[PDB]
>>> print(open('input-v2.tsv').read())   # TSV, C-alpha atoms
chain	number	residue	atom	x	y	z
A	1	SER	CA	97.32	-37.36	-59.04
A	2	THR	CA	97.12	-33.66	-58.26
A	3	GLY	CA	94.59	-30.85	-58.40
A	4	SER	CA	94.90	-27.06	-58.51
A	5	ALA	CA	92.03	-24.58	-58.28
A	6	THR	CA	91.83	-20.83	-57.97
A	7	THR	CA	90.09	-19.40	-54.91
A	8	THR	CA	88.51	-15.98	-55.14
A	9	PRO	CA	87.45	-13.49	-52.43
A	10	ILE	CA	83.69	-13.09	-52.25
A	11	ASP	CA	83.89	-9.34	-51.61
A	12	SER	CA	86.30	-6.42	-51.34
A	13	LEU	CA	87.13	-7.27	-47.70
A	14	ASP	CA	88.21	-10.90	-48.22
A	15	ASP	CA	85.41	-11.96	-45.90
A	16	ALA	CA	85.64	-15.44	-47.40
A	17	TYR	CA	86.96	-17.23	-50.48
A	18	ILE	CA	85.09	-19.46	-52.94
A	19	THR	CA	86.53	-22.20	-55.12
A	20	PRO	CA	84.66	-23.90	-57.96
A	21	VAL	CA	83.83	-27.58	-57.36
A	22	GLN	CA	82.39	-29.95	-59.99
A	23	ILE	CA	79.75	-32.29	-58.60
A	24	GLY	CA	77.90	-35.07	-60.38
A	25	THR	CA	77.56	-36.14	-64.02
A	26	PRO	CA	77.21	-34.02	-66.12
A	27	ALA	CA	79.17	-31.71	-63.87
A	28	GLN	CA	77.29	-29.23	-61.72
A	29	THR	CA	79.71	-26.47	-60.71
A	30	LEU	CA	79.12	-24.87	-57.30
A	31	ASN	CA	81.33	-22.32	-55.59
A	32	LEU	CA	82.25	-23.66	-52.16
A	33	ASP	CA	83.96	-22.20	-49.13
A	34	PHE	CA	86.95	-24.42	-48.44
A	35	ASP	CA	87.09	-24.67	-44.64
A	36	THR	CA	90.05	-26.23	-42.84
A	37	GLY	CA	88.03	-25.76	-39.61
A	38	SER	CA	85.29	-28.25	-40.43
A	39	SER	CA	84.79	-31.65	-42.03
A	40	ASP	CA	81.48	-31.64	-43.90
A	41	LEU	CA	81.08	-31.10	-47.64
A	42	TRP	CA	77.58	-29.66	-47.82
A	43	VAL	CA	75.70	-27.82	-50.54
A	44	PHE	CA	72.61	-25.85	-51.35
A	45	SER	CA	70.41	-28.22	-53.30
A	46	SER	CA	67.05	-28.92	-54.91
A	47	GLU	CA	66.07	-30.14	-51.42
A	48	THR	CA	66.80	-26.88	-49.59
A	49	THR	CA	63.69	-25.11	-48.30
A	50	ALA	CA	62.85	-22.75	-51.15
A	51	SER	CA	62.49	-19.75	-48.82
A	52	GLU	CA	66.07	-20.34	-47.58
A	53	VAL	CA	67.58	-20.14	-51.10
A	54	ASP	CA	68.37	-16.65	-52.42
A	55	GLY	CA	70.69	-16.62	-55.40
A	56	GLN	CA	72.89	-19.61	-54.65
A	57	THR	CA	73.59	-22.27	-57.25
A	58	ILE	CA	72.01	-25.56	-56.22
A	59	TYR	CA	73.02	-29.17	-56.64
A	60	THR	CA	70.20	-31.33	-58.03
A	61	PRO	CA	71.03	-35.01	-57.38
A	62	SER	CA	68.22	-36.21	-59.66
A	63	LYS	CA	70.05	-34.65	-62.64
A	64	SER	CA	73.31	-36.47	-61.89
A	65	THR	CA	73.61	-40.00	-63.23
A	66	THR	CA	76.30	-40.84	-60.65
A	67	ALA	CA	74.38	-39.59	-57.59
A	68	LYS	CA	73.13	-42.20	-55.13
A	69	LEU	CA	71.18	-41.51	-51.98
A	70	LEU	CA	73.18	-42.62	-48.94
A	71	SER	CA	70.26	-44.44	-47.36
A	72	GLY	CA	69.41	-43.35	-43.83
A	73	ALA	CA	72.25	-40.85	-43.46
A	74	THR	CA	71.57	-37.36	-42.10
A	75	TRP	CA	73.79	-34.47	-41.05
A	76	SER	CA	73.48	-31.38	-38.89
A	77	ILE	CA	76.19	-28.83	-38.19
A	78	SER	CA	76.54	-25.75	-36.03
A	79	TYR	CA	79.52	-23.49	-36.60
A	80	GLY	CA	81.49	-21.33	-34.20
A	81	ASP	CA	79.77	-18.23	-35.60
A	82	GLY	CA	76.30	-19.51	-34.71
A	83	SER	CA	75.26	-20.51	-38.22
A	84	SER	CA	74.00	-24.00	-39.02
A	85	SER	CA	72.67	-26.31	-41.69
A	86	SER	CA	71.36	-29.86	-41.93
A	87	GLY	CA	69.94	-32.40	-44.34
A	88	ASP	CA	70.47	-35.76	-46.03
A	89	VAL	CA	73.36	-37.24	-47.96
A	90	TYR	CA	74.21	-38.44	-51.46
A	91	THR	CA	77.38	-39.97	-52.78
A	92	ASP	CA	78.59	-38.58	-56.09
A	93	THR	CA	81.67	-37.73	-58.13
A	94	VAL	CA	83.39	-34.56	-56.98
A	95	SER	CA	86.26	-32.86	-58.75
A	96	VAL	CA	88.44	-29.97	-57.58
A	97	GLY	CA	90.92	-28.41	-59.97
A	98	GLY	CA	91.20	-31.59	-62.04
A	99	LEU	CA	91.39	-33.96	-59.07
A	100	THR	CA	88.44	-36.36	-58.99
A	101	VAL	CA	87.00	-38.38	-56.11
A	102	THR	CA	84.30	-40.96	-56.76
A	103	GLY	CA	81.85	-41.83	-54.00
A	104	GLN	CA	82.29	-38.58	-52.13
A	105	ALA	CA	79.64	-37.86	-49.50
A	106	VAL	CA	77.78	-34.73	-50.70
A	107	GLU	CA	75.61	-33.40	-47.89
A	108	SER	CA	72.47	-31.91	-49.34
A	109	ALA	CA	70.98	-29.13	-47.26
A	110	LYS	CA	67.32	-29.22	-46.39
A	111	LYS	CA	67.74	-26.33	-43.95
A	112	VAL	CA	70.28	-23.50	-43.72
A	113	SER	CA	70.45	-20.67	-41.20
A	114	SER	CA	69.90	-17.06	-42.19
A	115	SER	CA	73.58	-16.18	-42.63
A	116	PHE	CA	73.92	-18.73	-45.44
A	117	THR	CA	70.70	-17.65	-47.17
A	118	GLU	CA	71.80	-14.01	-47.07
A	119	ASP	CA	75.13	-14.76	-48.77
A	120	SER	CA	74.35	-15.53	-52.40
A	121	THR	CA	78.02	-16.07	-53.32
A	122	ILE	CA	78.60	-19.25	-51.25
A	123	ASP	CA	76.90	-22.42	-52.48
A	124	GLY	CA	78.16	-24.61	-49.65
A	125	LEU	CA	81.27	-25.62	-47.71
A	126	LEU	CA	84.02	-28.16	-48.38
A	127	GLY	CA	85.52	-29.16	-45.04
A	128	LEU	CA	89.24	-29.92	-44.86
A	129	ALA	CA	89.66	-30.55	-41.11
A	130	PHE	CA	89.97	-34.15	-39.88
A	131	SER	CA	87.20	-36.58	-40.71
A	132	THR	CA	86.60	-37.32	-37.02
A	133	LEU	CA	84.61	-34.05	-37.06
A	134	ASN	CA	82.25	-35.09	-39.85
A	135	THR	CA	78.66	-34.89	-38.72
A	136	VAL	CA	77.02	-37.55	-40.91
A	137	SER	CA	75.05	-40.07	-38.85
A	138	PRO	CA	74.86	-42.97	-38.32
A	139	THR	CA	77.94	-43.57	-40.50
A	140	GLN	CA	80.51	-40.77	-40.39
A	141	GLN	CA	81.89	-39.81	-43.81
A	142	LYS	CA	85.35	-38.90	-45.05
A	143	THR	CA	86.41	-35.45	-46.26
A	144	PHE	CA	87.32	-34.86	-49.88
A	145	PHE	CA	91.01	-34.74	-48.92
A	146	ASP	CA	90.82	-37.99	-46.97
A	147	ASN	CA	89.15	-39.71	-49.94
A	148	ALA	CA	91.71	-38.30	-52.37
A	149	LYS	CA	94.89	-38.74	-50.34
A	150	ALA	CA	95.82	-42.29	-51.38
A	151	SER	CA	95.71	-41.19	-55.03
A	152	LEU	CA	97.69	-37.98	-54.52
A	153	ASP	CA	101.36	-37.77	-55.46
A	154	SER	CA	101.97	-36.50	-51.89
A	155	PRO	CA	99.36	-36.55	-49.05
A	156	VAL	CA	99.18	-32.76	-48.79
A	157	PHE	CA	97.17	-29.73	-49.75
A	158	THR	CA	98.26	-26.12	-49.74
A	159	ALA	CA	96.43	-22.87	-49.16
A	160	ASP	CA	97.74	-19.75	-50.87
A	161	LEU	CA	95.10	-17.17	-50.14
A	162	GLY	CA	95.35	-13.78	-51.78
A	163	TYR	CA	95.09	-10.38	-50.16
A	164	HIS	CA	92.33	-8.62	-52.07
A	165	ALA	CA	93.12	-11.00	-54.92
A	166	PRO	CA	92.54	-14.59	-56.01
A	167	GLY	CA	94.77	-17.35	-54.67
A	168	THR	CA	95.19	-21.10	-55.01
A	169	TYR	CA	94.36	-24.40	-53.35
A	170	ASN	CA	96.64	-27.18	-54.54
A	171	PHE	CA	96.22	-30.88	-53.80
A	172	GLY	CA	99.02	-33.41	-53.85
A	173	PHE	CA	102.04	-31.22	-54.57
A	174	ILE	CA	103.93	-28.24	-53.17
A	175	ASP	CA	104.43	-25.45	-55.75
A	176	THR	CA	107.99	-24.39	-54.95
A	177	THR	CA	107.49	-21.22	-57.04
A	178	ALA	CA	104.61	-20.00	-54.88
A	179	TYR	CA	106.65	-18.92	-51.84
A	180	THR	CA	109.93	-17.25	-50.90
A	181	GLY	CA	112.59	-18.67	-48.62
A	182	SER	CA	111.94	-22.01	-46.96
A	183	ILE	CA	108.88	-23.68	-45.46
A	184	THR	CA	109.01	-24.14	-41.68
A	185	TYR	CA	107.07	-27.18	-40.49
A	186	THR	CA	105.45	-27.38	-37.05
A	187	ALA	CA	103.73	-30.12	-35.10
A	188	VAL	CA	99.96	-30.68	-35.25
A	189	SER	CA	97.63	-32.13	-32.66
A	190	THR	CA	94.59	-33.85	-34.18
A	191	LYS	CA	93.02	-34.54	-30.76
A	192	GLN	CA	90.23	-31.99	-31.34
A	193	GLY	CA	89.89	-32.78	-35.05
A	194	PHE	CA	91.49	-29.49	-36.13
A	195	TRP	CA	94.81	-28.47	-37.69
A	196	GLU	CA	95.92	-27.42	-34.21
A	197	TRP	CA	99.44	-26.14	-33.67
A	198	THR	CA	101.46	-23.89	-31.37
A	199	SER	CA	102.87	-20.54	-32.47
A	200	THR	CA	106.11	-19.50	-30.83
A	201	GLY	CA	105.15	-15.88	-30.20
A	202	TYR	CA	104.38	-12.53	-31.72
A	203	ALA	CA	105.54	-9.01	-32.39
A	204	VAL	CA	103.57	-5.79	-32.91
A	205	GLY	CA	104.92	-3.58	-35.68
A	206	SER	CA	108.66	-3.08	-35.29
A	207	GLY	CA	108.50	-4.07	-31.63
A	208	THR	CA	110.50	-6.86	-30.10
A	209	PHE	CA	109.34	-10.42	-30.50
A	210	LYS	CA	107.65	-11.92	-27.43
A	211	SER	CA	108.41	-15.62	-27.09
A	212	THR	CA	105.28	-17.35	-25.81
A	213	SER	CA	103.37	-20.44	-26.89
A	214	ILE	CA	100.01	-19.71	-28.55
A	215	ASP	CA	98.01	-22.86	-29.30
A	216	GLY	CA	95.48	-22.38	-32.08
A	217	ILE	CA	93.97	-23.78	-35.24
A	218	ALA	CA	94.68	-23.00	-38.87
A	219	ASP	CA	91.20	-22.24	-40.18
A	220	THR	CA	90.60	-21.06	-43.75
A	221	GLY	CA	86.88	-20.75	-42.96
A	222	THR	CA	87.35	-18.05	-40.35
A	223	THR	CA	87.89	-14.53	-41.67
A	224	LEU	CA	89.83	-12.97	-38.79
A	225	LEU	CA	92.73	-13.70	-36.40
A	226	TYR	CA	91.50	-14.54	-32.88
A	227	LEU	CA	94.17	-14.50	-30.18
A	228	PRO	CA	94.39	-14.25	-26.39
A	229	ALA	CA	93.18	-10.95	-24.95
A	230	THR	CA	96.66	-10.00	-23.74
A	231	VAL	CA	98.09	-10.28	-27.26
A	232	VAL	CA	95.16	-8.44	-28.84
A	233	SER	CA	95.32	-5.62	-26.28
A	234	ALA	CA	99.07	-5.22	-26.94
A	235	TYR	CA	98.33	-4.87	-30.68
A	236	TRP	CA	95.50	-2.30	-30.48
A	237	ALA	CA	97.38	-0.27	-27.87
A	238	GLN	CA	99.66	0.75	-30.75
A	239	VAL	CA	96.72	2.26	-32.69
A	240	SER	CA	95.65	5.66	-31.43
A	241	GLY	CA	91.95	5.74	-30.79
A	242	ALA	CA	91.44	1.98	-31.00
A	243	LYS	CA	89.07	0.50	-28.44
A	244	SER	CA	87.08	-2.61	-27.70
A	245	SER	CA	83.38	-1.90	-28.24
A	246	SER	CA	80.78	-4.19	-26.68
A	247	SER	CA	78.09	-2.71	-28.94
A	248	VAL	CA	80.00	-3.52	-32.12
A	249	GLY	CA	81.43	-6.80	-30.80
A	250	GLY	CA	85.18	-6.26	-30.78
A	251	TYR	CA	88.02	-3.86	-31.39
A	252	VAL	CA	87.36	-0.89	-33.66
A	253	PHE	CA	89.74	1.82	-34.73
A	254	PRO	CA	89.61	5.18	-36.51
A	255	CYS	CA	89.48	4.63	-40.25
A	256	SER	CA	92.10	7.39	-40.57
A	257	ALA	CA	94.68	5.32	-38.67
A	258	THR	CA	97.61	3.48	-40.19
A	259	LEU	CA	97.80	-0.02	-38.76
A	260	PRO	CA	101.04	-1.65	-37.61
A	261	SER	CA	101.97	-5.08	-38.85
A	262	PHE	CA	101.59	-8.17	-36.67
A	263	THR	CA	104.20	-10.95	-36.65
A	264	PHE	CA	103.58	-14.52	-35.55
A	265	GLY	CA	106.18	-17.18	-34.90
A	266	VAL	CA	106.34	-20.59	-36.58
A	267	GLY	CA	109.23	-22.31	-34.82
A	268	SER	CA	112.20	-20.04	-35.36
A	269	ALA	CA	110.57	-18.50	-38.46
A	270	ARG	CA	108.36	-15.42	-38.59
A	271	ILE	CA	105.28	-14.59	-40.66
A	272	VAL	CA	104.54	-10.89	-41.04
A	273	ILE	CA	100.93	-9.78	-41.49
A	274	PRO	CA	101.03	-6.28	-43.06
A	275	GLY	CA	98.90	-3.76	-41.22
A	276	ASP	CA	96.63	-3.26	-44.24
A	277	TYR	CA	95.50	-6.87	-43.93
A	278	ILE	CA	94.07	-6.05	-40.46
A	279	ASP	CA	91.69	-3.36	-41.80
A	280	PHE	CA	88.12	-4.65	-42.26
A	281	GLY	CA	86.67	-1.27	-43.10
A	282	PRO	CA	83.79	0.75	-41.74
A	283	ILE	CA	81.54	-0.98	-39.22
A	284	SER	CA	78.56	0.34	-41.25
A	285	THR	CA	78.42	2.13	-44.58
A	286	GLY	CA	79.84	5.62	-44.23
A	287	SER	CA	81.13	5.22	-40.68
A	288	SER	CA	84.57	6.48	-39.69
A	289	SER	CA	84.93	3.61	-37.20
A	290	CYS	CA	86.61	0.60	-38.77
A	291	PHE	CA	86.53	-3.03	-37.68
A	292	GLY	CA	89.80	-4.65	-36.66
A	293	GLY	CA	91.05	-7.92	-38.15
A	294	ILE	CA	92.70	-9.08	-34.94
A	295	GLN	CA	90.20	-9.87	-32.19
A	296	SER	CA	90.10	-11.57	-28.83
A	297	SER	CA	89.46	-15.29	-28.59
A	298	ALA	CA	88.49	-15.16	-24.92
A	299	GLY	CA	84.83	-15.88	-25.67
A	300	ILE	CA	85.61	-18.68	-28.15
A	301	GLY	CA	87.57	-21.31	-26.23
A	302	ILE	CA	90.24	-21.57	-28.92
A	303	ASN	CA	92.68	-19.31	-30.75
A	304	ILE	CA	92.06	-19.13	-34.49
A	305	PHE	CA	94.59	-18.40	-37.22
A	306	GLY	CA	91.94	-17.32	-39.71
A	307	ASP	CA	92.40	-15.86	-43.15
A	308	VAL	CA	93.98	-12.63	-41.84
A	309	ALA	CA	96.94	-14.75	-40.72
A	310	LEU	CA	96.90	-17.46	-43.36
A	311	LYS	CA	96.75	-15.04	-46.32
A	312	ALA	CA	100.20	-13.72	-45.28
A	313	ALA	CA	101.68	-17.16	-45.84
A	314	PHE	CA	101.95	-20.14	-48.12
A	315	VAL	CA	100.49	-22.83	-45.91
A	316	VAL	CA	101.09	-26.56	-46.20
A	317	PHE	CA	98.55	-28.97	-44.69
A	318	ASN	CA	100.59	-32.18	-44.55
A	319	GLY	CA	98.23	-35.13	-44.10
A	320	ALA	CA	100.90	-37.74	-43.63
A	321	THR	CA	100.35	-40.37	-40.94
A	322	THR	CA	101.66	-37.81	-38.43
A	323	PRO	CA	100.21	-34.55	-39.80
A	324	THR	CA	102.16	-31.31	-39.76
A	325	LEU	CA	101.67	-27.72	-40.86
A	326	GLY	CA	104.15	-25.73	-42.91
A	327	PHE	CA	104.35	-21.94	-43.28
A	328	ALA	CA	106.42	-19.92	-45.73
A	329	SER	CA	106.54	-16.25	-46.52
A	330	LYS	CA	105.51	-15.27	-50.05
>>> encode(input="input-v2.tsv", output="structure tokens")
Amino acid sequence: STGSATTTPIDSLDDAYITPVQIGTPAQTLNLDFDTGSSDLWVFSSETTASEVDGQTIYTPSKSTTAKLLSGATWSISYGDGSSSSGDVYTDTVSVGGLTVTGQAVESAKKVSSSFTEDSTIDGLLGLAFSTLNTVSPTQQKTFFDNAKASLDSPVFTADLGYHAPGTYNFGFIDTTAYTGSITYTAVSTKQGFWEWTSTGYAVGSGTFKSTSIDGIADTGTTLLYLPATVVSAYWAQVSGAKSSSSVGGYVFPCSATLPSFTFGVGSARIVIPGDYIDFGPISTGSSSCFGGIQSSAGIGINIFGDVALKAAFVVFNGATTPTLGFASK
């Protein structure tokens, strides 16, 4: 089987992308943030504290004839950005882009942190990291991809995120018309539960490529590109007036500046992030200080190839017995 769904930016900055997901019978369609950095499929629901719901579409298990409470199971998750959610668990039928999984664990939120409440466009998350990170207790649950992968024509999914435009998540096939050139595959470590890989280096603008190993994770649920402070400093040094601001929480630059591109290595191949993808706009409405899309990872513990990086590529998440990642230009 295969599936194919369009993913749409939630705002003019590409701060996140939402993909419609059909849950239950009759279908309830919720717009979920596909997140290759986590492993829980959780949703706003009829069980979420009413004061913590503000415009989201909710899943109501009682209205689904295929929903079944997963007796005793609870979940609680805290994300790298300090947000969190928790609740109980149903199994139900879940379909993405025509691909259907029966018995999928659908984590119903009873509580969500403020950042989720305040974002009316995201109705939950669909984790696509490895199932070892799933938070359901006492019986850990499988991700949608893990449940689907036996049925898929090929055990893969692809992320083709758009720059200021919709893109595509495909399951079970590689759309050879969606990219240019060839796909370069690179090794993945699953030891932390992430799509963790090692970039071969970087270049800033038209500068020379620096060969150096940069271990990091491919994370569709992170907006920005977080890299070691040495790399980030080398990038912003090429932007006149750019500076790291403790008050704002990272590198800012004059909105009048033209940003250089940033290149990252995938084996012997190179992915070029155009400079315009690194512009996240004014730090506050009307300000002439703009927020940079490449930031330091020093205070994270891990480098993160977020959407700024991934949207410059056609990315293959190969879930074969020995997983790999593939990157092509597009």
>>> closest_residue(input="input-v2.tsv", among="A:159, A:99, A:152, A:53", to="residue 113 in chain A", atoms="only C-alpha atoms")
A:53
>>> closest_residue(input="input-v2.tsv", among="A:160, A:15, A:35, A:279", to="residue 251 in chain A", atoms="all atoms listed in the file")
A:279
>>> atom_distance(input="input-v2.tsv", atom1="CA of residue 314 in chain A", atom2="CA of residue 127 in chain A")
19.0 Å
>>> residues_near_point(input="input-v2.tsv", point="(88.6, -10.4, -52.1)", cutoff="12 Å", atoms="all atoms listed in the file", output="PyMOL selection string")
chain A and resi 7-18+161-167+223+277+280+307-308+311
>>> atom_distance(input="input-v2.tsv", atom1="CA of residue 80 in chain A", atom2="CA of residue 124 in chain A")
16.1 Å
>>> closest_residue(input="input-v2.tsv", among="A:252, A:58, A:300, A:271", to="residue 287 in chain A", atoms="all atoms listed in the file")
A:252
>>> residues_around(input="input-v2.tsv", residues="residue 72 in chain A", least_positions_apart="3", cutoff="9 Å", atoms="all atoms listed in the file", output="VMD selection string")
chain A and resid 69 88 to 89 137 to 138
>>> residues_around(input="input-v2.tsv", residues="residue 289 in chain A", least_positions_apart="4", cutoff="12 Å", atoms="only C-alpha atoms", output="compact mmCIF listing (two decimals) with C-alpha atoms, in the coordinates of the input")
# COMPACT_ATOMS: atom_id res chain seq x y z
CA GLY A 241 91.95 5.74 -30.79
CA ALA A 242 91.44 1.98 -31.00
CA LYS A 243 89.07 0.50 -28.44
CA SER A 244 87.08 -2.61 -27.70
CA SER A 245 83.38 -1.90 -28.24
CA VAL A 248 80.00 -3.52 -32.12
CA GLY A 250 85.18 -6.26 -30.78
CA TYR A 251 88.02 -3.86 -31.39
CA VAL A 252 87.36 -0.89 -33.66
CA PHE A 253 89.74 1.82 -34.73
CA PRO A 254 89.61 5.18 -36.51
CA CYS A 255 89.48 4.63 -40.25
CA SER A 256 92.10 7.39 -40.57
CA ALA A 257 94.68 5.32 -38.67
CA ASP A 279 91.69 -3.36 -41.80
CA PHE A 280 88.12 -4.65 -42.26
CA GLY A 281 86.67 -1.27 -43.10
CA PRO A 282 83.79 0.75 -41.74
CA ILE A 283 81.54 -0.98 -39.22
CA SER A 284 78.56 0.34 -41.25
CA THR A 285 78.42 2.13 -44.58
>>> residues_around(input="input-v2.tsv", residues="residue 330 in chain A", least_positions_apart="6", cutoff="7 Å", atoms="only C-alpha atoms", output="VMD selection string")
chain A and resid 178 to 180 313 to 314
>>> atom_distance(input="input-v2.tsv", atom1="CA of residue 78 in chain A", atom2="CA of residue 291 in chain A")
24.9 Å
>>> residues_around(input="input-v2.tsv", residues="residue 76 in chain A", least_positions_apart="2", cutoff="12 Å", atoms="all atoms listed in the file", output="list in words")
residues 39, 40, 41, 42, 73, 74, 78, 79, 83, 84, 85, 86, 87, 88, 89, 107, 108, 109, 110, 111, 112, 113, 133, 134, 135, 136, 137, 138 and 140 of chain A
>>> closest_residue(input="input-v2.tsv", among="A:114, A:185, A:75, A:320", to="residue 51 in chain A", atoms="all atoms listed in the file")
A:114
>>> closest_residue(input="input-v2.tsv", among="A:31, A:131, A:258, A:213", to="residue 228 in chain A", atoms="all atoms listed in the file")
A:213
>>> residues_around(input="input-v2.tsv", residues="range 61-64 of chain A", least_positions_apart="5", cutoff="9 Å", atoms="all atoms listed in the file", output="MDAnalysis selection string")
chainID A and resid 23:28 45:46 69 90 92 108
